[PDB]
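Reading through the C-alpha cells given below for one structure.
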Amino acid sequence: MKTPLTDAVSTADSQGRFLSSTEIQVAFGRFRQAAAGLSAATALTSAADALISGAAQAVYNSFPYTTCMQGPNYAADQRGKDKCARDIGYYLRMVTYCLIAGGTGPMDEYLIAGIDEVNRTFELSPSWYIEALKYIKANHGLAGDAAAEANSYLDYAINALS
Amino acid sequence: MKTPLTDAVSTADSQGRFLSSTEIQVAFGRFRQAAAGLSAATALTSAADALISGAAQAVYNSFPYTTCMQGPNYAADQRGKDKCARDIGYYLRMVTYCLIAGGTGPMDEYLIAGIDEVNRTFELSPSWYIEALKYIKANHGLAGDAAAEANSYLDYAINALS
Amino acid sequence: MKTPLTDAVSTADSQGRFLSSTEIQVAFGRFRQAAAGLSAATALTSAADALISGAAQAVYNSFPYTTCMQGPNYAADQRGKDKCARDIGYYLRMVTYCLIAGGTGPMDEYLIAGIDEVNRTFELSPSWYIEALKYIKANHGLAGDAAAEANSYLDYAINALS
Amino acid sequence: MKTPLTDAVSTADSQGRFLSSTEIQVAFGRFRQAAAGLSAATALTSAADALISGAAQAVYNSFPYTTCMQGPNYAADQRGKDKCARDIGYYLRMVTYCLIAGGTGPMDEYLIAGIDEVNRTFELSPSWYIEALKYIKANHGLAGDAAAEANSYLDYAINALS
Amino acid sequence: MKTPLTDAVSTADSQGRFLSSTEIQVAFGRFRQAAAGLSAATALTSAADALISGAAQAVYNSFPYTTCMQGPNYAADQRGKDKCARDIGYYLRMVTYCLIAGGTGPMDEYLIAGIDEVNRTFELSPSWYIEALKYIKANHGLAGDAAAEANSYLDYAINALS
Amino acid sequence: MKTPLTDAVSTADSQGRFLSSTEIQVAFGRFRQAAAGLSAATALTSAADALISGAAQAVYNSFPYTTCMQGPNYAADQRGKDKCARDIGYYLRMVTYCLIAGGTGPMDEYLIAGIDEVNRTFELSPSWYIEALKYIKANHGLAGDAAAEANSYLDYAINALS
Amino acid sequence: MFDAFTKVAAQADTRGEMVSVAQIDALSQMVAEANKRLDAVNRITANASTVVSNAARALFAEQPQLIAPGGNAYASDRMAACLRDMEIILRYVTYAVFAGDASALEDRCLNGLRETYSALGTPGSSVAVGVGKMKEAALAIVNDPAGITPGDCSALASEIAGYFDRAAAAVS
Amino acid sequence: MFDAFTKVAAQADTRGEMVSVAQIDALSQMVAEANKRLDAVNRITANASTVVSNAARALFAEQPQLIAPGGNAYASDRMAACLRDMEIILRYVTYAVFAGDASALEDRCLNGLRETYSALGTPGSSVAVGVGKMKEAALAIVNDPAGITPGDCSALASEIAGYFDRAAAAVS
Amino acid sequence: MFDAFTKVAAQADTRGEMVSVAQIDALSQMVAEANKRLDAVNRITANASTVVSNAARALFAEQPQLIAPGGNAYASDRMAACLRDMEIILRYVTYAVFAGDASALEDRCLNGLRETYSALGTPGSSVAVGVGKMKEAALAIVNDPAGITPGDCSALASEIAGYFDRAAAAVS
Amino acid sequence: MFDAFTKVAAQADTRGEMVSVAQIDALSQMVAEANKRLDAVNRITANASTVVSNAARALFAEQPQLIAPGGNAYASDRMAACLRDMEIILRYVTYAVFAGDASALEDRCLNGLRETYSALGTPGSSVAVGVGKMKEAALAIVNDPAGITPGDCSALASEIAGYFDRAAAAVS
Amino acid sequence: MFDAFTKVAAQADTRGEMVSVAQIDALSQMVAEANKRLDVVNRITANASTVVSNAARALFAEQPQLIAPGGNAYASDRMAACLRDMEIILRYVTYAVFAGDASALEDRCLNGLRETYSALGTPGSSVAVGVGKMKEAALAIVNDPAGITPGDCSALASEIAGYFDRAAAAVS
Amino acid sequence: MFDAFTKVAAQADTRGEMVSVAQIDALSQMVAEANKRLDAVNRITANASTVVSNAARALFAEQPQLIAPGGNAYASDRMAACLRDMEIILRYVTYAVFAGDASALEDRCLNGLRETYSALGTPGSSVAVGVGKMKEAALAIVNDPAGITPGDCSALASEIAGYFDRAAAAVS
Ligand SMILES: *[C@H](C)[C@H]1/C(=C/c2[nH]c(/C=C3N=C(/C=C4\NC(=O)C(CC)=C4C)C(C)=C\3CCC(=O)O)c(CCC(=O)O)c2C)NC(=O)[C@@H]1C
C-alpha cells in the first residue's frame, strides 16, 4: 500500500531488520510534506462539487458524442450523467486520499488495479477520464507544494490511463 | 547498500515502477538530514586522532590484560597496539561514511558483513570494540542532529557486535 | 500457435509420446474443415477492397466524431483515414490466415497479443474496431460452413476487444 | 485421460481460454470417427469368447512350455489357464473401451500404467501377451475404418509391451 | 556410486563439513571387510570360465525353449549362445567389482541402471538371468564372509531383475 | 542427527533403497568402535567432578580477569562461578554422549547449533571454553582408541568454537 | 474429468463389463447430434463477453448494494474479480456442453466454491442471480433460428440449462 | 498493513467519504508530534540488544525451569531460537510505533503465534513475561530526560506500552 | 530418528544426566550381538522381492474381492501401488531392525498411514494381513539354520516380530 | 513450430500479403491427400518399437566396436540412452510427417544435436547409420500394399525419406 | 548501485581514506540543488507516457520500415514490446537522475542490451533514435519556465542529457 | 568421484577386464595401512582451524598488500571469504586423503578455480602461498610422534603433500 511509512516498514521487515536512520529519514520526509498534503486535501474537499461538475462538463465538451449516443456506456440519459459524475467523484476522492497518505497507495488499491478490465468490459474510454483529470489540474487553484503534490497524483492517474 | 536514495530506487525498480511522490519524500528526508550529517562527518574527521587514541586507551583501561598477554590477538607489543588503532580507525571511518551517505550501508558492507567470522577466527573480543565505540560516543562532542545521528551509527555498530 | 495440427503435436510432445489415434482424429477434423476454410479465405480475399472500405465507412458512420476530431488517434485527415483502413485491412487479413490455418493462432500471435497496450497507448477505441468487424460479418456474403467458421474468427476478435 | 474431447478441454483449460474453432475441429474428428469406432466395439464384443480362447490357445502354441512348467506364473494347471484367459480378456475389453472413447485413455489408465511392475513382479512374459494381441488382429474380422482403428490399439498395447 | 568411502565423503560434502569420527568409522568398516572382499574377488576370477559355462548351461536346462526358438532374443544359434555367456559374464564381472569396491556401486552403474529397458526392448527374460545368478550362488564355493558378501551382490542382482 | 547408524539409514531412505552391504559395513565399523567408545564414556563419567573443577580452574588461570570483572558474563561471584562449571559440565556430558552414539550428533544437536548466537548475545568468549576443552584433553587420562576418539570430539568442539 | 464416452467406459470398468449394445446405441445417437452440440458451444462462446457484461449490468442495477461503496463489488480490484468469476463460470459451463458431461464443471470450478465465497463474504446468492441471467441469455442465443439449419435443439437446450443450474446451486 | 494515515483512508473508503475536517485535524496533530515518535523509535532501536539480553537474563533467573535440562530454552538451538523471538517481538513493536498503527505487528508477527507456541510446547506465558520485561526497559529508555529537548511524551509512552501489551496478550 | 544408542542419549539429556553404568552395559550387550542383527537385515533384504511377491500372492488368493474388477487392487496402477506399499513397509521394517529402534518406521512410514488408507478407501485390515504374511516369511528366513554359525537369535526374532506387528497395528 | 499451413501464413505475413490463389491451391491439394499422410503416421507409429529395435540390432552387428566394453553403447546406462535416441529421432520424424513441415524436428530435436554428440564422444556417423536403417524399415512399412486402399504414395514417401535424411545429416 | 554520495564513499574506501573537505563541499553543493533535481524527476515522470508515445509515433513516421509487415515493430506482440522498451529506458533514466549517478542505468538496464538486441534482430540504431527523441521532449519539459520558481537548471539539464546519451550509445 | 578402489574398477571396466592379481594386491596393501591413512585424516581435521588461521596470519604478515585498504583481503566480507577459501581447500584435501584419490578435490574444488580467481582479481599466486603454508603445518601435524603407535608414514605423507601441491598448482 505504497506510502512513505508503510514502504519503509516493509523493506525493513523484508530484510528482517530494525528500522535504521534511513527509515527515520523517510519518516522525516513524509512528516515534512504532510503539512502541504493535508492542506491540499481540505482544499480539494471543499471545492468538491464545483470540481466534479466542472470536470464532468469539460468531458462532455471535449467529447460531445457522450451525451447523445444511446446505450449504457454513455451519458445521454440522467442514469449515465450520474455514473459519470460518480466516477469523477471517485477519482477526486482518491486524490485526496493520496494527499493524506503521502503516496499513491490508496489510488493504487481502490481504483487503478483492475481499471483496464472495467473500462474494456463496460466500454468506457480512458480519454474521457484523462480529460476530467486535466480539468481538475487547471481548476483546483492550489499554490506551491500543495499544488505540485496534488498535480503529481492527477498526472499519475493520467499515466495509468494513457 | 542501504541509503535513503538507493533504497528508494531499489524498491521502485523491484516493483517495475517510476518513482512517485513517496520516493520524492524519501529524498526530501535525505537532503534535509544531509546538512547535519555532512557537518558531523567534518567534525569527526578533524577530531580523528584524539578520538582514536582516546578510544584505544579506553579499551586498554577497561581491559588491562590486552596490553600484557603474549600472542597475536592482543596488544602487548607495538604490532598489536597498531592493529588495534587501525581497527578503531576503521570503525570511526565507517561512521563518517554512514553520516555522509545518510545510512548504515557503507558500514554494512565494508565492516559488518563478515565481522563475526573475523573475530571468531582471530580471537578478538567484541567487548573491546564496544568499549571503543562507547568512548567515541562520550567524546565526539557533537550537538543537536549531528549528535543524534552519529550516535545512531555508533550504537548500531554496538548492536552488531553484541 | 494454436491450430489443430500444432496443438496436437504439442501435447503429444509435452507428454513425450508418439501420436496416437486421438491426434489422428484431430487431423481428420482439421483436414475435413479445411475444404470450407480454404474456400472462405479465397472468397474474403477477392472481396478484400469492398469489405475494407465498407467497414471503414461503417465505423465513420457509427462514430462520426472520428472524422472531425483533430489529432493523431483520429481520422479527420487522410493520414488517419489511411491508418484506419490499414488496421481494418490487418483484421481481415488475420481472419483469412485463421481460415487457412484452421485456428486462431495467427491472429493470436500477429494481432491479439499486445493489442490492449497499443490501443491504450495510442488512444484508439476498441468500440471502433468492433464495428468494423460487425460489418465484415454482415457483408462477407459467405454460406454454410465457410460462413459459420469465418464468423467464429470475427466474433473472437470482438471478444478479445470488448 | 487421453481422448479427443478431454484432451481438447484440457489444453484450453490449461491456457485459461474458452474453446475455439480448433477444439471444435477436434470434436468433429472424434464424432466422425465414432461411427466406425462404436461399430467395431459392438463387433468385438460379440466375438469376445471366440477371440479370447483363440488367443489363449495361440499363446499356448507359440510357447508350449507355459502349459507344462510348474509354478504360479504359468498355465499348467486350470488356475493359471484361467488367469491367462482373464488377462487376455482384460486386454480385449480395454480395446473396446478405446474404440468407444476414441483414444488410448482407458487402456493407459486401467492397464498400461504399472504393467511393467506387475509383469516383473509376477514373472509374466510380455512376449506371451504380444502373441495374444497379434492373434486378435489376425482374427477380429473387421473391415475398413473399424479395422484400421482397432488395430492401432492392438498395436499400441504391443508397443507398450515390447 | 554407492561404496562406503564415496558415500561417506558424499554426505560430508553435501552438509559442507569436514569428516568426523562417524565417517572414520565407515572407513574402518570398509577396510575390515576388504580382506574378505578382495579374496572372494580373486577366487571368483579364477573360477570365471567354469562359473560362466556352468551358469549358461543351467539356464538352458531350466529353460530348454531358449535353445530352440528361432529369432534373435534366444540361443538356438551360436550367435545367441555367445550373447548369453557374454551377459552372464557381465553379471559375474560386476559381482567381482562390487566385492572390490565394497558396495553395489559398480553394478548399479554399469549394469543395473537401464537394464529394465534393455530386457523389454530386446525381449530377454529376467527369469533366465535370475537362474544364472542362482547357479553362481550354489557353485562359487566360497566360505565365511567372502560367501556372505558375494551372495549379498548375487541376491541384489536377483532383486533388481525380479 | 549424525551417527553411523542413523546416517546409514538416512542415505538409504533418501535414495529409496533397502540397506546393502555398504550400510552393513557402516554398522560393522560402528559396532567395532563401540567397545572403546562405551568404555571411554564410563571413564569420563567417573572422573566427571575432577575434570570439571580442573577445567574451570584452568580457565580462571588462563584468564584471570574472568574472576574479577563485575557483571553477569563473568565469574567474579558464585552465581557466575556456577554458570561456568555448569557450562563446562555440558561440554563434558555431550562428549560422553558422542562417544556413546559414535558420532558428533548429540553435541551438534544439543550444544553446537546456536552456540554462536548464545556467546555473542551473552558476551561469553569462545576462548574461555577452548581452554576448558584443552584441559579435559590433557587430563582425561584415557589410552588407546578411547583416547583417540574422545579427543576427536573435544577437538571438534574446539573447531566449532574457534 | 469425463466426457460423455469416458463417463460410460469408467462405470463399465468398475463392473468389469463391455459396454452393452443398448449403451453403445445411446452414444451413437449422441454422436448423430454432434453438430448441434458444437453449434451450442460456438454460439455461447462467440457471444461470451456480451453474455457476461449484460448479465453483470442487469445484476448491479437489480442489486445496487453490490456496488455501493462498502459492497462486495465496490473497488476496481473487486469489480474486476467479479466480472472474472462470471466469465469463468461461463467458460466452465461451455466446457461441460462440449464434452457432454458435468465433471469439468463440477471438479475444476464448482467444487469448494461455496466455501470460497463464504470465507470472503461474497454473496453467493447474488452470484447465482448473475449465473441465472447468463443462462437465459445463453439459451436465447442457442435457440435463435437466424442463420442456422432449422431443427430441434430442445434436448440439448435442456442439458445446457442443467449445467447453468448446477453452477447456480453450487455457490449460493 | 496500515500506518496511521492509511488506516484512516481505509475506513473512509468503505464509506465512500472524504476524511472529515475533524479527522484531518487528528492526523495533523499526530504530524506535529512526529519528532517524539521518531525519538521513541530511535531510542528503542539504538538499545535493542541490551533490551533483549537483559530481559532474557531476568526471565531465566526468575524461571530456572526454562533453562534446566529438559526445559524449553535448554540446548543451544532452542536458547538461540528463544532470544531470536524476543528480538523479533521487539522489532515488530518498533515498526508499530513508527507507523503509528498496530497492524504490522498484528498481521506479520502476533497472528497465529499462540497456536505456533502451543504446537511446539513453548510456554507462551513465559514469553509474555519476557515481552513484559522488555516493555519496562523500553519505556524507561524512551522516558529518560538526559540529552533530549524536554517535553511531554506521555501519550506516546501510552501508545508504546499498548503495542507491547498486545504482544504479551497474543502469545500466552 | 533414533538408533538404539541415540534413543538412550535423548532420554539421558532431557534429565541432564550421563548414561548410568547399567544403561552402558545394556548397550554394550546389544553391541556384542551386532553380528546377528546384521545377518537379520541382510537375510530379510537379500530376499525382499520373494517376501513381498509371495505375501501379495497369498493375500489375493485369500481375498479375491481385492483384485476382482471394482476392488482396491484392480487396475495395473493400483496393483502396482499395492505391491509398492508391501515393499515400502518391509523396507522400513528392516531399517528399524538395523538401527535397533522403531522410530524410522514410526515417523517416516506408519504415522498418518491409517488416515491415508481411510481417505483412499484402501482396506487397511487387508494391508495388515499382507504385513502379517511378510512377517512369517521374514522370520522363517532369519531363523533358517543353513549356512550360518549356530546360535540363539530368539531375542532378535522377538524384536523383528515387534516391528512387523506395529506396522500391522498402525494401518488397519 | 509450423505446420504446412502455418508455414505459408508465416511467409505471407512478413510480406503483408494474403496467400495467393496459387498457394491456397497448393495447400488444398495437400488436404486432398490427408488420408495417406495419416496412414503414413499411423503405420510408422504402430511399428515404432520394431522399427527401432531392429535398426539398433542391425547397427550393433554391423559395428561391434559400439558395444564392446569401452565403446559408447557399452554399459546398460549407455545402451538404454542409445535406444532412447533412436526412438526420439523416430518420434520427431513422425511429428514432421504429421504436420507436413520439418520445423518440429529441426527446432526441438536436430538443432545442437551434432554438438551434443561431439561433447559426449557419441559417434554421430553411427547414429546416422541407425537413422538410415530406420528410414528403410519405415518406408517399407508405409509402402506395404496389404490391408489398405490401393493408391500412389510415392510423393509422401519422398517427403518421409526427406525428414529421415536430414536427421541423418544433422548428427554425423 | 551507487547514488551520488555512495559513489564517493566507495572510492574513498578503496583508498582507506575519509572523504576530503573538498569532496564533502562538492556533495554539500549537490545537496543545495536537491530541489531542482527532484523537480526534474517529477517532471519527466509526471509526463512519462506522453514522452514515450510521442517519441514512438515520431520514430515510426520517420522509419516506416519498422512497422511495415516484416519489420521489427510489426505484430502487436512486437509493437507492445517496443513501447515497453522505450518506457523502460526512460524509467531507468529517471532513476539515474534521482540518484545522481549513472549506475542504476548502466547495471540494470544498458548492460548487455546491445547484445540482446543483436540476437533478436532489433535494430539498435533505431532504438537510439527513439531514446534521442525522448531526450529532447524530456529536456524541454524540465526546462519549461511555467509554474516553477525561476532559476538556473542548466548543469542538471546537462547531467540528464548525459544519461539519455549513454542509453542511446549503449544500444546502437 | 572415485576412491582408491573405485578408480581401479573404473579403468578395468573400460577394458572389460577383471582386476588383475597384481592390482588386487596393490589395493590389499592399501587396506593394510588403512589405520595410518585414517589417523592422517583425523589429525589434520582435528586441527583445521589452527592450520587455517595460522597460515592465514603468516600469509598476511608476509604480504601486507593483501590487507592494505584496497587489497583483495580488505573489507570484512573479503577477509571472511578468503579464510573461507583456505578452509575449503583444506577440507577437500582431507576428502582426497580419506578416499585415497584426487578426484573429490579435482572435480569439486580445483577445476575452474583458476578462472574464478582471475575474474574476481584474487591473486591466485597468493592463494598458493597460503595453501603451501597449510601444507607444512598439516604435514608437521601428521608426522608428530607424540601419542601414536610408532611407524612409517612416509609414503602417506608423500601422498598428502601431493594433494596440497595440486591445489597450489590449480590456482596460481
Ligand atoms: C602416521 C600418520 C603416524 C602413525 C600412525 C599409526 N597409527 C597406527 C595404529 C592405529 N591407528 C588407529 C587410528 C584411529 N583409531 C581410532 O579410534 C580413530 C578414530 C576413531 C582413529 C583415526 C588405530 C585404531 C590403530 C590400531 C592400533 C593402535 O592404536 O596403534 C599405526 C600402526 C599401523 C597400523 O596400520 O595400524 C601407525 C604406524 N605412526 C607414526 O609413527 C606416525 C606419526
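How things are named: the first chain in the C-alpha cells is A, the next is B, and so on; residues count from 1 in each chain; ligands count from 1 in the order shown.
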
| task | Could you report the residues within 8 Å of ligand 1, using only C-alpha atoms and all ligand atoms, as a count of residues only? | result | 38

Please identify all residues of chain C having at least one atom at most 7 Å from any atom of chain A, considering only C-alpha atoms, and return them as a CSV table (one decimal) with N, CA and C atoms, in the first residue's frame.
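Wrote it out as iface17.csv, contents follow:
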```
chain,number,residue,atom,x,y,z
C,120,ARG,N,-4.4,1.4,-25.7
C,120,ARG,CA,-4.3,2.3,-24.6
C,120,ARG,C,-3.4,3.4,-24.9
C,121,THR,N,-2.1,3.0,-25.2
C,121,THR,CA,-1.1,4.0,-25.6
C,121,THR,C,-1.4,5.0,-26.7
C,123,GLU,N,-4.5,5.6,-27.9
C,123,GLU,CA,-5.8,6.1,-27.7
C,123,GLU,C,-6.8,5.8,-28.7
C,162,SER,N,-13.5,-6.7,-26.5
C,162,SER,CA,-14.7,-6.0,-25.9
C,162,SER,C,-14.4,-5.6,-24.6
```

| task | Could you please tell me, as a PyMOL selection string, which residues of chain B have an atom within 8 Å of chain L when using only C-alpha atoms? | result | chain B and resi 109-115+117-118+121-122

Could those selected residues go to a file with N, CA, C and O atoms, as a short mmCIF file (atom, residue, chain, number, x, y, z; two decimals), in the first residue's frame?
```cif
data_model
loop_
_atom_site.label_atom_id
_atom_site.label_comp_id
_atom_site.auth_asym_id
_atom_site.auth_seq_id
_atom_site.Cartn_x
_atom_site.Cartn_y
_atom_site.Cartn_z
N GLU B 109 28.51 -2.87 4.54
CA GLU B 109 29.21 -3.56 3.51
C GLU B 109 30.69 -3.67 3.67
O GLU B 109 31.26 -4.65 3.24
N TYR B 110 31.30 -2.68 4.28
CA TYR B 110 32.75 -2.72 4.44
C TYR B 110 33.24 -3.42 5.72
O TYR B 110 34.30 -4.05 5.75
N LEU B 111 32.42 -3.36 6.76
CA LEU B 111 32.82 -3.80 8.10
C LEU B 111 31.91 -4.87 8.66
O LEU B 111 32.41 -5.90 9.10
N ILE B 112 30.59 -4.65 8.64
CA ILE B 112 29.69 -5.55 9.43
C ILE B 112 29.58 -6.95 8.87
O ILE B 112 29.74 -7.88 9.62
N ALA B 113 29.29 -7.10 7.58
CA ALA B 113 29.15 -8.42 6.99
C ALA B 113 30.49 -9.12 7.08
O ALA B 113 31.48 -8.64 6.52
N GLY B 114 30.55 -10.24 7.78
CA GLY B 114 31.79 -10.98 7.95
C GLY B 114 32.51 -10.78 9.29
O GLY B 114 33.38 -11.55 9.63
N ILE B 115 32.16 -9.74 10.04
CA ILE B 115 32.87 -9.42 11.26
C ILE B 115 32.88 -10.60 12.22
O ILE B 115 33.95 -10.95 12.73
N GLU B 117 32.88 -13.69 11.76
CA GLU B 117 33.90 -14.70 11.39
C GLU B 117 35.33 -14.27 11.70
O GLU B 117 36.13 -15.06 12.15
N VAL B 118 35.65 -13.02 11.42
CA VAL B 118 36.93 -12.48 11.71
C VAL B 118 37.16 -12.58 13.23
O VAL B 118 38.09 -13.21 13.70
N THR B 121 37.59 -16.28 14.29
CA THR B 121 38.85 -16.77 13.76
C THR B 121 40.09 -16.20 14.41
O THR B 121 41.03 -16.94 14.68
N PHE B 122 40.15 -14.89 14.62
CA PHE B 122 41.39 -14.29 15.13
C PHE B 122 41.38 -14.07 16.62
O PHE B 122 42.34 -13.54 17.14
#
```

| message | Residues of chain G within 8 Å of chain I, counting only C-alpha atoms, what are they? List them as a PyMOL selection string. | response | chain G and resi 13-16

Next, write the just-selected residues to a file, as a PDB file, in the first residue's frame, keeping N, CA, C and O atoms as the atom set.
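again_26.pdb, written as the output of this step:
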```pdb
ATOM      1  N   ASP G  13     -16.083 -50.197 -16.314  1.00  0.00           N
ATOM      2  CA  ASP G  13     -14.846 -50.787 -15.861  1.00  0.00           C
ATOM      3  C   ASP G  13     -14.918 -51.183 -14.412  1.00  0.00           C
ATOM      4  O   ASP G  13     -14.353 -52.200 -14.006  1.00  0.00           O
ATOM      5  N   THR G  14     -15.623 -50.424 -13.606  1.00  0.00           N
ATOM      6  CA  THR G  14     -15.719 -50.854 -12.230  1.00  0.00           C
ATOM      7  C   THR G  14     -16.593 -52.112 -12.096  1.00  0.00           C
ATOM      8  O   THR G  14     -16.512 -52.800 -11.086  1.00  0.00           O
ATOM      9  N   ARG G  15     -17.392 -52.406 -13.124  1.00  0.00           N
ATOM     10  CA  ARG G  15     -18.162 -53.630 -13.194  1.00  0.00           C
ATOM     11  C   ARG G  15     -17.456 -54.728 -13.946  1.00  0.00           C
ATOM     12  O   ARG G  15     -17.993 -55.842 -13.991  1.00  0.00           O
ATOM     13  N   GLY G  16     -16.327 -54.402 -14.590  1.00  0.00           N
ATOM     14  CA  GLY G  16     -15.602 -55.308 -15.474  1.00  0.00           C
ATOM     15  C   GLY G  16     -16.390 -55.760 -16.686  1.00  0.00           C
ATOM     16  O   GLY G  16     -16.225 -56.873 -17.115  1.00  0.00           O
TER      17      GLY G  16
END
```

Contact check, chain K to chain C, at most 10 Å, counting only C-alpha atoms, closest pairs as a tab-separated table:
```
residue	atom	partner	partner_atom	distance
K:49	CA	C:121	CA	7.7
K:50	CA	C:121	CA	8.9
K:52	CA	C:121	CA	9.0
K:53	CA	C:121	CA	6.5
K:54	CA	C:122	CA	9.2
K:56	CA	C:122	CA	9.8
K:57	CA	C:122	CA	8.7
K:69	CA	C:90	CA	9.7
K:74	CA	C:110	CA	7.9
K:75	CA	C:110	CA	4.4
K:76	CA	C:114	CA	4.8
K:77	CA	C:114	CA	4.9
K:78	CA	C:114	CA	7.8
K:79	CA	C:118	CA	7.4
K:80	CA	C:114	CA	5.4
K:81	CA	C:114	CA	8.1
K:83	CA	C:118	CA	8.5
K:84	CA	C:117	CA	9.2
```

| said: Could you pull out the helix (DSSP H, G or I) residues of region 44-157 of chain E, going by DSSP on the backbone, and write them as a VMD selection string? | reply: chain E and resid 44 to 46 48 to 62 64 to 67 78 to 101 105 to 112 115 to 121 126 to 139 144 to 157
